[PDB]
Amino acid sequence: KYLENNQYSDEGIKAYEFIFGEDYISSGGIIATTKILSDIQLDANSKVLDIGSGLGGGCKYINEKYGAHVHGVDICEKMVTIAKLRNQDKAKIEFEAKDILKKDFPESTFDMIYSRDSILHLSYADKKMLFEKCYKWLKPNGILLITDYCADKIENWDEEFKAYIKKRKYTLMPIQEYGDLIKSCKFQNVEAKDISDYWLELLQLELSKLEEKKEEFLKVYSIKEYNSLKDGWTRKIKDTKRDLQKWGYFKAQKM
Ligand SMILES: C[S@@+](CC[C@H](N)C(=O)[O-])C[C@H]1O[C@@H](n2cnc3c(N)ncnc32)[C@H](O)[C@@H]1O
């Protein structure tokens, strides 16, 4: 019976940047981004869409690494304003505040559509609608590259996990089911992989760095935000170990 700040509350966004690192508000920050993109091929003429672009870290990284044009879409105007402010000097990056479900792009626009821990905000029906849109928006041979939270079957959920999902308003499904949804939208070369052991390593590292810097955190943020972060990572670590909360990797191609 308490009022909990929502995930992207003013303080929540700042706290996520503290734990994930500057410009990022999802798993593994720049470290995971480097790894996820380590076999991805793009150049200065490539066009990339980032679905759920947040504070802009991913767009910044992709443009810096490849020189690619990057277009980030995020439903949160406040984040889009931040991303724009921080990347004014990058002419080939643009950000737009919109619900991706209300976006259209022409057929064959993007060499890559990229999304990191954002599609969890969408209902199953909306995920399907989005993947149908993504299929259209990709160029021939274009790549869809996603990480997203996934979960064990609902009957294996316990009380705390259910409370977490409700609070966050997430819609989480198992990895195979997510891959099958992508396949059903005609994507080919579909890879749907459980990378929860790598997620575990990132969670452990993130928490260890938070605890190391507790005094630093407490100079600017609340001890309630501190314990909320700490307890939240503690639960994610526990729940990934028993295969309840999962991290999914999905790569697919339009052929
Ligand atoms: C966990 S954050 C990750 C952001 C960024 N990809 C990152 O890794 O730092 C998920 C993002 O999804 C965005 N989002 C949620 N629903 C959306 C929608 N319908 N359209 C576009 N973005 C959405 C949120 O505003 C949030 O910034």
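This chain uses plain numbering: 1 for the first residue, then up along the sequence. As the structure lists them, so they are numbered: ligands from 1, and atoms in each ligand from 1. Only heavy atoms go into these numbers, but all of them, side chains included; no hydrogens, no water, no symmetry mates.
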Exercise. Taking distance alone, with no angle check, do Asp50 and ligand 1 share an N/O pair under 3.5 Å?
Worked result: no
Problem set entry | Short N or O distance, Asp74 and ligand 1, threshold 3.5 Å exclusive | yes
Problem set entry | Nearest candidate to atom 22 (N) of ligand 1, where distance is taken over non-hydrogen atoms, out of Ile25, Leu55, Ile75, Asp23 | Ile75
Exercise. Below 4.0 angstrom, N of the basic side chain to O of the carboxylate: do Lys183 and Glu191 qualify?
Worked result: no
Exercise. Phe105 ring centre to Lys103 NZ or CZ under 6.0 Å, with the angle to the axis within 45°?
Worked result: yes
Exercise. Relative to atom 18 (C) of ligand 1, which among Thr147, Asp117, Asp99 owns the nearest non-hydrogen atom?
Worked result: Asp99
For this session: Salt-bridge test for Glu132 and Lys186: reply yes if a basic N is under 4.0 Å from a carboxylate O, no otherwise.
Result: no
Problem set entry | Euclidean distance, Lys224 NZ relative to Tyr2 OH, rounded to 0.5 Å | 4.0 Å
Problem set entry | Sidechain N-carboxylate O distance under 4.0 Å for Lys84, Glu77 | no
For this session: Please confirm whether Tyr8 comes under 4.0 Å of ligand 1, counting heavy atoms of the residue only.
Result: yes
Problem set entry | Contact (N/O only, under 3.5 Å) between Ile100 and ligand 1 | yes
Problem set entry | Heavy atom of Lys98, distance to ligand 1 below 4.0 Å | yes
Exercise. Quick one: nearest non-hydrogen protein atom to atom 15 (C) of ligand 1, plus distance?
Worked result: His121 CD2, 3.4 Å
Problem set entry | SB check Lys47 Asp111 (cutoff 4.0 Å) | no
Exercise. Just distances here: any N/O of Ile51 and N/O of ligand 1 closer than 3.5 Å?
Worked result: no
